[PDB]
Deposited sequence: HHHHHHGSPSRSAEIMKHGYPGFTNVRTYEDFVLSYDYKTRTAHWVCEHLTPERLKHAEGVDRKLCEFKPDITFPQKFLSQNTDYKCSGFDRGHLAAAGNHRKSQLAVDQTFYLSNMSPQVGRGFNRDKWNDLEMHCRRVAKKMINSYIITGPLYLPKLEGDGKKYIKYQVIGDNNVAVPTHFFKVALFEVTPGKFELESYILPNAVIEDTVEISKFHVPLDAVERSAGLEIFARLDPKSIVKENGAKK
């Protein structure tokens, strides 16, 4: 209601099958059976037993477009939450909802979901605690690669009876309000793959344009570019 406007202050990346939860906002893709994007707003103050949580479908979407635990089970992938449970520990209801399958994408486990991707999540929280407001957009990507015939193909696995898409990569875009009305921007794209623990997350910095162009989204479109005072660690 008013919370959703707080979360979405800087713009909707898109308007497709939008659902507003207690403490995050999500756009769902009926074709991939995972999200287009999720948006979160963090503050030091906003940053309960996670063990009570249950992976389950959000049944406010049509049945024919749901993913299920059986799709992820024995798939070789984790149920990887886009809006991290660790970002929503203010109430049991908030964290419970991060375990909805609409907020999950199939993720490589060891080496990614459990490690380097988690490192990135921890980074955003660490910085968010020193900031006024923070906004995080997170979502899957399906990126082309050149093949042996010299042509470009998008190729991605689908898992389970419901053919849930396994993204090739994920994006995360963080906006940190360092001083009132002034923001630091950080944009990342990481492969859905085993990543060495030694790889610093800055190696995955990309221009925001890359995220937008690849995802088909318009990110922080309400925000005046002149209010961005730092971008991927570089002063502006």
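Asker: Numbering the deposited sequence from 1, which residue ranges have no coordinates here?
Answerer: Comparing the full sequence with the modelled residues, the uncovered ranges come out as 1-8, 56-60.
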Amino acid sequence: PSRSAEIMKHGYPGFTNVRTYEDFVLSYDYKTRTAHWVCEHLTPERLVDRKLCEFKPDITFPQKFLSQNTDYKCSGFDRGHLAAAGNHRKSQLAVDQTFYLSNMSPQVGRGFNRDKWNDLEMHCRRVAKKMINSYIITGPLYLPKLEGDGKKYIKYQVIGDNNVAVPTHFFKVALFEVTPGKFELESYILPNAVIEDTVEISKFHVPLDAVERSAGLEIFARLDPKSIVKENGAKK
From here on, numbers count along this sequence of modelled residues.
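Asker: Which is higher in the entry, the mean Cα B factor of 16-24 or that of 211-219?
Answerer: Higher mean C-alpha B-factor: 16-24.
Asker: Check the entry's C-alpha temperature factors for 48-56 and 25-33, then say which stretch has the higher mean.
Answerer: Between 48-56 and 25-33, it is 48-56.
Asker: Which has the highest CA B-factor per the PDB entry: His88, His81, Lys155, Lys151?
Answerer: So the option with the highest C-alpha B-factor is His88.
Asker: Comparing recorded Cα B-factors across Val108, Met122, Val95, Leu146, which one is largest?
Answerer: Checking the PDB record, the top C-alpha B-factor among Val108, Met122, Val95, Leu146 is at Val95.
Asker: Where does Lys182 sit by CA temperature factor within its chain: lowest, middle or highest third?
Answerer: Its C-alpha B-factor, which the entry lists for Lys182, ranks in the highest third among residues of this chain.
Asker: Per the entry's values, where does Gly139 land by CA temperature factor relative to the rest of its chain, in the lowest, middle or highest third?
Answerer: For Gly139, the deposited C-alpha B-factor lands in the lowest third.
Asker: Against its chain's modelled residues, does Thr70's Cα B factor rank lowest, middle or highest third?
Answerer: For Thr70, the deposited C-alpha B-factor lands in the middle third.
Asker: Would you check the entry's CA temperature factor for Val199 and let me know if it's in the chain's lowest, middle or highest third?
Answerer: Highest third of the chain for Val199's C-alpha B-factor.
Asker: Would you mind checking where the Cα B-factor of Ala234 ranks among the modelled residues of its chain, as the lowest, middle or highest third?
Answerer: For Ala234, whose C-alpha B-factor we compare with every modelled residue in the chain, the answer is the highest third.
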